[PDB]
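Residue numbers (the authors' numbering), protein chains in the order written: chain B, 65 to 260; chain C, 39 to 260; chain B', 65 to 260; chain C', 39 to 260. A prime marks a further copy of an entry chain. Just so you know, even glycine gets a beta-carbon here, dropped at the ideal spot from N, CA and C. See below for the structure under consideration.
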Ligand SMILES: [Ca+2]
Ligand SMILES: [Ca+2]
Ligand SMILES: [Ca+2]
Ligand SMILES: [Ca+2]
Ligand SMILES: [Ca+2]
Ligand SMILES: [Ca+2]
């Protein structure tokens, strides 16, 4: 009954400016990437076997700026407001917007050489609070969270906080992209139209 | 000697709490400690009280330490009653656990007696449970008024660190939102006393071992 | 130049009521007890080699109530408001107002048998923040502390917080006494009249 | 090869902070950790900045953990600069320590150069200090812009945990009241830049080992 998918897809496009810009992505099928969003909808519940976010650069070596990533686990906790608080989170990694190429091996599965320079981080699936979560659409999530954020705890495993700053322009400059590489188990099918 | 007992005039128990034991394994950090948790007084009518078993409310020290981590798991939680009155004092204490915050709090020792971890005892006894708090070698704990959480049968393993404030708000929307945040609550009942006015009986100490994971600046933790 | 005194004297008389009453004593010569207060004044500075507070009972076995003691080290920190907070402090010990007799051996130096029942606690002289403190009169201390409590840090090593409650009367009932047993080193003499 | 150097277009350093190490010995509890401490930017004119080296201000995590203990002692404190700009960026960074809060903050790299622990470096270099933060095995740290506190020469061993608020008030009465509360302050100067407007240069990470003693409920700690 468990049907397993392994895949790496574009999860977010990154631009860097001269000011801190904190953003976050829920670590659930619907938000992880559009491809998964579409396939996972045909199933009622899932379990993350492995989730790794890897940043791959697209800018010139002359591009100033740094990216910082880390995880949060209680949606009710406040999202880091400074890059300082961010550095306290689990899974913190911080790189420079033009580096990270060695991480490419995580995206195309070829054998990785030295990945100490890859700006990549992974989710601690075993310390998550439950193994089988329900597939949620961001819309429905939003509504729930609107009543009380604590309703999110039963619905989503974690949140990926990203921070970009130290750039040189007041206007966004294309830095790179964050790709997500996951192994997921999907169970109990459903027509997607009913999945909220 | 078998079958004989002598009621003392008063029991004595010298509580001496040792330094908290903290240590980080790989991923998980573990704390072990004891804290005075509640004060107790009896009356002639029954009075039921409850205490949520979550870091924030279990103890004043724990509250501030646990806040630096995102989630936790109880390895062990024990409540022990230590008396502070003479054997001439009337009254009895009763404890037990409830696990669905929406359930009604017991209104009688009869209902109470059916709960998990139920224990009763004269308001003037229980010094035998001292070894649990003091950390000494336990002798005959046969007459101790102490109970413990059935951690393996709890709803889930990892719970999020919550502040009473945020919890209180959640629960205000619907009490069932609590199920996802707190594992259980200790219920305490006292009756069989002689004054219509409360008479100090004793106090309850909490001894726990908790596992904490995934760090976060405290200020962000709600 | 170091002149050493060892002595045990009455430091405080204790009464118990049906409500919590928190009090505190600065762990300095002047407040530790009147005898020491008077002799230590003839010296400019001192160092605590050992300080132990022991409660000895004077009431009937039928006396309800408990005493709780513990130490604080930054005079600026708030004094415990509940017996709960008090139980978090270093050196916490809590006994029942009629017990503690075994502690008598600390007061008259006779060989102690089993002191596990003595309501006694000691000061961690080695973790104090300095070894030689100046002799201060409570008056002068008060003034300093009035400008800013932080001025106390340079003047006093610690504070003994005491809490009495669980009694049976709204009116104080004589429970016992706290005696202090110390070894102190006094240096650099002075006429006492000048010592503030 | 001896005597030859090649300036890169840009240096890269992948920071990855590991789990805090906490453990209780007998009396003392020890923490070891790294936290991002400050953000850096250069201008064409000199700009001096300072950071007190006390738990509250050293790091956002430390701040909340250390608060559960009454006093502390620094076993080690190191500040390491990691760049985030290209080798074409103009600017230099300078660090050093001051120990009497009443002293005037330096107003020039000349005065600054005389301080204890002085270090200078191009605003675009310093990746060699990464091993200090990442905890890797250090290779040639010859070109790292990192400095450390001379803990043995500090004023006293055990300092009280203080909140910036209470500290700020004390210091407001007289700055000399600080001497009794804080061991030293890091001074940071940046100049030699090219814009009148700040240009992001890099950031500073703090790596420390602290000993904490005599527990207290956090709420009481000021
Ligand atoms: Ca659940
Ligand atoms: Ca669904
Ligand atoms: Ca939380
Ligand atoms: Ca001093
Ligand atoms: Ca004097
Ligand atoms: Ca303090």
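Mind pulling the chain B' residues with CB within less than 7 Å of residue i?
i, result
"residue 55 of chain C", "151 and 156"
My output table needs one value for residue i: the three-state DSSP class, helix, strand or coil.
i, result
"residue 94 of chain B'", "helix"
"residue 169 of chain B'", "helix"
"residue 199 of chain C", "coil"
"residue 107 of chain B'", "strand"
"residue 53 of chain C'", "strand"
"residue 140 of chain C'", "coil"
"residue 207 of chain C", "helix"
"residue 215 of chain B", "helix"
"residue 264 of chain B'", "As shown, chain B' starts at 65 and ends at 260. That puts residue 264 of chain B' outside it, with no answer to give."
"residue 192 of chain C'", "coil"
"residue 102 of chain C", "helix"
"residue 233 of chain C", "coil"
"residue 151 of chain C", "helix"
"residue 220 of chain C'", "coil"
"residue 61 of chain C'", "strand"
Show which residues of chain C have a CB atom less than 9 Å away from the CB atom of residue i.
i, result
"residue 147 of chain B'", "74, 77 and 241"
"residue 190 of chain C'", "Chain C residues near residue 190 of chain C': none, gap ~26 Å exceeds 9 Å."
If you check the beta carbons only, do residue i and residue j fall under 8 Å apart?
i, j, result
"residue 227 of chain B", "residue 147 of chain B", "yes"
"residue 90 of chain C'", "residue 71 of chain C'", "no"
"residue 241 of chain C'", "residue 165 of chain C'", "no"
"residue 57 of chain C'", "residue 151 of chain C", "no"
"residue 139 of chain B", "residue 220 of chain B", "yes"
"residue 238 of chain C", "residue 230 of chain B'", "yes"
"residue 183 of chain B'", "residue 159 of chain B'", "yes"
"residue 187 of chain B'", "residue 135 of chain B'", "yes"
"residue 199 of chain B'", "residue 109 of chain B'", "yes"
"residue 96 of chain B'", "residue 218 of chain B'", "no"
"residue 250 of chain B'", "residue 112 of chain B'", "no"
"residue 69 of chain B'", "residue 103 of chain B'", "yes"
"residue 236 of chain C", "residue 81 of chain C", "yes"
"residue 248 of chain C'", "residue 93 of chain C'", "yes"
"residue 131 of chain C", "residue 119 of chain C", "yes"
"residue 88 of chain C'", "residue 161 of chain C'", "no"
"residue 125 of chain B", "residue 124 of chain C'", "yes"
"residue 252 of chain C", "residue 197 of chain B", "no"
Per DSSP, which one or two residues make a beta bridge with residue i?
i, result
"residue 255 of chain C'", "For residue 255 of chain C', which the question treats as bridged, DSSP gives no partner whatsoever."
"residue 133 of chain C", "C:157 and C:226"
"residue 70 of chain B", "B:247"
"residue 120 of chain B'", "B':241"
"residue 114 of chain C", "C:247"
"residue 78 of chain B", "B:240"
"residue 127 of chain C", "Answer is none; residue 127 of chain C lacks a bridge partner."
"residue 186 of chain B'", "B':116"
"residue 85 of chain B", "B:228"
Would you mind telling me which residues of chain B sit closer than 9 Å to residue i, beta carbon to beta carbon, in chain order?
i, result
"residue 69 of chain C'", "Here the premise fails: no neighbours, minimum Cβ distance about 13 Å."
"residue 48 of chain C'", "125, 126, 127, 128, 160, 162 and 163"
"residue 207 of chain C", "212 and 214"
Can you name the residues of chain C whose CB is closer than 8 Å to the CB of residue i?
i, result
"residue 193 of chain B", "109, 194, 195, 196, 197 and 198"
"residue 138 of chain B", "108, 109, 198, 199, 200, 259 and 260"
Quick one: list the residues of chain B' neighbouring residue i, beta-carbon separation under 9 Å, in chain order.
i, result
"residue 237 of chain C", "82, 128 and 232"
"residue 253 of chain C'", "152, 153 and 154"
"residue 52 of chain C", "157, 158, 159, 160, 163, 164, 180, 181, 182 and 183"
List the residues of chain C' that residue i touches, going by C-beta distances under 9 Å, in chain order.
i, result
"residue 211 of chain C", "By Cβ distance, chain C' contributes nothing, its closest Cβ being about 28 Å from residue 211 of chain C, past 9 Å."
"residue 247 of chain B'", "None at all; the shortest Cβ gap to chain C' is about 20 Å."
Using a C-beta to C-beta distance shorter than 7 Å, which residues of chain B count as neighbours of residue i?
i, result
"residue 215 of chain C", "212, 214 and 215"
"residue 98 of chain C'", "148, 149 and 152"
For residue i, return the contacting residues in chain B', with the cut-off set at a CB-CB distance below 8 Å.
i, result
"residue 122 of chain C", "128, 129, 130, 160 and 230"
Under 7 Å Cβ-Cβ, which residues of chain C' neighbour residue i?
i, result
"residue 144 of chain B'", "258"
Check the Cβ of residue i against every Cβ in chain C' and list those closer than 8 Å, keeping chain order.
i, result
"residue 60 of chain C", "60, 61, 62 and 67"
key: Pocket of ligand 4 defined by Cβ to heavy atom distance under 6 Å   = This selection yields B':194, B':218, C':194 and C':218.
query = Got a list of residues with beta-carbon closer than 6 Å to any non-hydrogen atom of ligand 6, in chain order?
reply = Taking every residue with its beta carbon within less than 6 Å of a heavy atom belonging to ligand 6 gives, in chain order, B':138, B':140, B':141, C':198, C':199, C':200, C':259 and C':260.
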